[PDB]
Amino acid sequence: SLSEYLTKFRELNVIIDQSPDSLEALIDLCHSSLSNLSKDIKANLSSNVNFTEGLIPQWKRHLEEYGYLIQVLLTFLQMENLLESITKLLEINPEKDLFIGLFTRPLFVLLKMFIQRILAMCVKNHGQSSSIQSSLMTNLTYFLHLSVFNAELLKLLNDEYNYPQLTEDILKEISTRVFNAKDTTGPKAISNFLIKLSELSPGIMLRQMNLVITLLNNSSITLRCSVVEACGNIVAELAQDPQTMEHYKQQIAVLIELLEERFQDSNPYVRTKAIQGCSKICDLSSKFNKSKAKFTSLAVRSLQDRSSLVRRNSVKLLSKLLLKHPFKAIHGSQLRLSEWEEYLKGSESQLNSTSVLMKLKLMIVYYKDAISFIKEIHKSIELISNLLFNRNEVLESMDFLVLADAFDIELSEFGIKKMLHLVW
C-alpha cells in the first residue's frame with residue numbers, strides 16, 4: 001500500500017529489538033532512546049540486505065513509514081543522531097522519487113555540518129534531475145539564506161564528487177529559466193547565490209558562458225552586479241591556473257569587452273561593482289598590454305564623473321594601476337616625461353639614419369605606450385585638480401597623487417603647487 005500510505009501522509013520493543021500486522025502496529029505506534037536503537041538497527045539491517053541481496057515490498061513499506069514519521073518529527077521540532085541516521089540510510093541508495101522529495105522539501109522548509117552532509121549525500125538520485133531542479137527553484141524563489149547553501153552544494157557537485165552531468169544540467173536550467181524584475185527579495189538572493197558560486201567554484205560557471213549571454217543583458221542591477229563579480233572571479237581563476245586555453249581566452253575577450261561597455265552603465269552600484277571587478281583582475285599575473293591600455297583610457301575619460309562613490313572608486317583604480325604599472329622595464333618607478341621623450345626622439349632619428357630592427361620597433365611601441373600613459377596621467381591630474389577645487393573624496397585621494405608625484409613627472413612642482421592651493 002505505497003500509494004495509500006503516500007496519500008495518507010513496551011510491547012513494541014519485545015518484537016522490534018528481538019508479520020505484517022505486527023509491523024503495521026509498530027509503525028503506527030512509532031508514528032527517545034528507543035527511536036535511536038530502532039534507527040540504528042534499521043540502518044544496519046538495510047545495509048546488510050543491500051550488501052547480501054520477493055522481500056522488497058516489506059522493506060519498501062518500512063522505509064516509507066519510517067521516512068514519513070521522521071519527517072513529521074523533524075517538522076514538529078538530540079538532533080545529531082537523526083542526521084547521522086539519515087546520512088547512513090542515504091548511502092544505501094517510483095517510490096524513491098517521492099521518498100527523496102519528502103526528504104528534501106521538509107528539510108528545505110526547516111533550513112550545520114551534519115545538515116551539510118545530508119544535503120550533499122541526498123543528490124545521488126539518477127534520472128531525477130528535474131525534481132531536484134524544481135526544488136532548488138522553489139528554494140531560490142521562497143528562501144533567501146539557502147542561496148549560499150545551494151552554491152556550496154553545486155560546488156561539491158563540481159569538484160568534490162566530480163559529477164559534471166548534473167552540474168551542467170543544473171547550470172543549463174538556471175541559465176535558461178526566465179526571470180522577472182518584479183520579484184521581491186528574489187534577485188538579491190539569486191545574485192548572492194551566483195556570487196558565491198563564482199568565488200567558490202568558477203570552473204563550471206565558465207564553460208556555459210556562451211549561454212549566460214541572456215543573463216548578461218538583465219535589467220536588474222543586482223543580477224548585473226552578480227555577473228560582473230562572476231566574470232571577475234573567473235578571470236582571476238583563469239590567471240591562477242593559467243591552463244592557457246584558447247576558448248577561455250576568447251571568453252575573457254568577450255567578457256572584458258562587455259566590461260568596457262558596462263563601465264558607463266546608468267547606475268552607481270553596477271559601476272562600482274565593475275570597478276571592483278577590474279581592480280581585482282588588473283593585479284593578476286599576466287601582461288594585458290591592450291587590456292591595461294584600454295583600462296587606463298576608459299578610466300581617464302571617465303574620471304570627471306558626477307557621482308561620489310564612483311569617483312573615489314576610480315581614484316582607487318588609478319592608484320592600483322599606478323602602484324602596479326607595467327612600465328618597470330627600464331629605470332622603473334620613474335615616469336619622467338622628458339626621459340621618455342628624449343629616447344623617443346633618439347629612436348625616431350635612428351629610424352631614418354632583422355632582429356635588431358624588431359627589438360628597436362618593439363621598444364618604440366613601448367615608448368609610445370609610455371608617452372600615452374604619461375599624457376593620460378597628466379590630463380587626469382589636471383582634471384582632478386580643477387575638480388577638487390564630500391570630505392571622503394578629499395581624504396581618499398591624497399594617497400593617490402602623492403605616490404603619483406613620487407614617480408617624477410614634468411608636472412611635479414606644478415602638481416605640488418595645485419595641491420597646496422587645494423588644501424586651503
# chains A, B, ... in the order shown; residues from 1 in each chain; ligands from 1
$ residues_around --residues "residue A:293" --least-positions-apart "6" --cutoff "12 Å" --atoms "only C-alpha atoms" --output "PDB file with C-alpha atoms, in the first residue's frame"
ATOM      1  CA  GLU A 260      34.263  48.108 -21.155  1.00  0.00           C
ATOM      2  CA  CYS A 282      44.150  44.095 -13.106  1.00  0.00           C
ATOM      3  CA  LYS A 287      50.791  41.138 -19.354  1.00  0.00           C
ATOM      4  CA  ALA A 299      39.474  55.483 -16.567  1.00  0.00           C
ATOM      5  CA  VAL A 300      40.980  58.780 -17.732  1.00  0.00           C
ATOM      6  CA  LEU A 321      47.184  50.875 -11.782  1.00  0.00           C
ATOM      7  CA  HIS A 325      52.204  49.739 -13.683  1.00  0.00           C
ATOM      8  CA  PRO A 326      53.985  47.596 -16.314  1.00  0.00           C
ATOM      9  CA  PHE A 327      56.395  50.483 -17.058  1.00  0.00           C
ATOM     10  CA  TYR A 366      56.707  50.550 -25.659  1.00  0.00           C
ATOM     11  CA  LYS A 368      54.650  55.213 -27.413  1.00  0.00           C
ATOM     12  CA  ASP A 369      52.562  53.356 -24.829  1.00  0.00           C
ATOM     13  CA  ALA A 370      54.565  55.056 -22.070  1.00  0.00           C
ATOM     14  CA  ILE A 371      54.082  58.547 -23.510  1.00  0.00           C
ATOM     15  CA  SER A 372      50.356  57.907 -23.977  1.00  0.00           C
ATOM     16  CA  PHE A 373      50.160  56.761 -20.350  1.00  0.00           C
ATOM     17  CA  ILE A 374      52.060  59.850 -19.193  1.00  0.00           C
ATOM     18  CA  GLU A 376      46.801  60.391 -19.698  1.00  0.00           C
TER      19      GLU A 376
END
$ closest_atom_pairs --of "stretch 254-284 of chain A" --to "stretch 193-210 of chain A" --cutoff "12 Å" --atoms "only C-alpha atoms" --output "tab-separated table"
residue	atom	partner	partner_atom	distance
A:254	CA	A:210	CA	10.0
A:255	CA	A:209	CA	9.2
A:273	CA	A:195	CA	11.8
A:277	CA	A:195	CA	11.9
$ residues_around --residues "residue A:86" --least-positions-apart "4" --cutoff "8 Å" --atoms "only C-alpha atoms" --output "list in words"
residues 82, 90 and 118 of chain A
$ select_by_dssp --residues "stretch 71-226 of chain A" --states "helix (DSSP H, G or I)" --output "ChimeraX atom specification"
/A:71-76,80-90,95-110,113-121,129-142,146-160,164-176,186-200,202-205,207-210,213-216,221-226
$ closest_residue --among "A:129, A:267, A:185, A:214" --to "residue A:141" --atoms "only C-alpha atoms"
A:185
$ closest_residue --among "A:364, A:6, A:358, A:318" --to "residue A:377" --atoms "only C-alpha atoms"
A:318
$ residues_around --residues "residue A:396" --least-positions-apart "4" --cutoff "8 Å" --atoms "only C-alpha atoms" --output "NGL selection string"
:A and (312 or 392 or 400)
$ write_last_selection --atoms "N, CA, C and O atoms" --output "CSV table (one decimal), in the first residue's frame"
chain,number,residue,atom,x,y,z
A,312,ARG,N,35.6,58.1,-6.1
A,312,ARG,CA,36.6,57.6,-5.3
A,312,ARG,C,37.0,56.2,-5.7
A,312,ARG,O,38.2,55.8,-5.6
A,392,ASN,N,35.0,62.7,2.1
A,392,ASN,CA,35.6,61.3,1.9
A,392,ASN,C,36.4,61.3,0.6
A,392,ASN,O,37.5,60.7,0.6
A,400,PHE,N,46.7,58.8,-3.5
A,400,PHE,CA,46.8,58.5,-4.9
A,400,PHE,C,47.9,59.5,-5.5
A,400,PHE,O,48.9,59.0,-6.1
